[PDB]
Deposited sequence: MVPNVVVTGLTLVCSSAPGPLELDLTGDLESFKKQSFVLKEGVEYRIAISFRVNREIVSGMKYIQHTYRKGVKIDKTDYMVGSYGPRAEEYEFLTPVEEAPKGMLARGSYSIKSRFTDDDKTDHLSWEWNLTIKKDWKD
């Protein structure tokens, strides 16, 4: 009844952020300039999976401004959650860069299985809130 691969959540790991920045998958306000990583949480419940890939599409006011592909790897079943961390990023700074960005995220593997496709928003501001 439960799939082999289940994407559990997306988190923006950011020590500066005053509050949680978690998207349970079972908008995010980020202060310009701050460092952060994206953590995609998932479970492999039964079989081995190879070639896990994370694909992210960034849009701005409806237009694509970036496509990024990350290699997650190959994982085996296990009770505990797995966590993929993209490299450390820095939220852009500048009134020119402030605003909401639309993110089309996809978790896929060596089957091209749509383990999950979810969309979220990243809002950049001068200050937190």
**Asked** Do you know which deposited regions have no coordinates at all?
**Response** 27 to 35, 139
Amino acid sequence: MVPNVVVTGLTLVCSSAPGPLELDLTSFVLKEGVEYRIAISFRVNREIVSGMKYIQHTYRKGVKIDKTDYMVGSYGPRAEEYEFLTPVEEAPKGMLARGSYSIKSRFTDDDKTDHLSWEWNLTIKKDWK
From here on, numbers count along this sequence of modelled residues.
**Request:** Can you let me know which of the two, 48 to 56 or 34 to 42, has the higher average C-alpha B-factor in the entry?
**Result:** 48 to 56
**Message:** Can you tell me whether 84 to 92 has a higher mean C-alpha B factor than 61 to 69 in this record, or the other way round?
**Reply:** 61 to 69
**Request:** Relative to the other modelled residues of the same chain, rank the CA B-factor of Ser15 and answer lowest, middle or highest third.
**Result:** lowest
**Complete:** So, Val7's CA B-factor, relative to its chain, sits in which third? The lowest
**Prompt:** C-alpha B factor of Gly99, ranked within the chain: lowest, middle or highest third?
**Reply:** highest
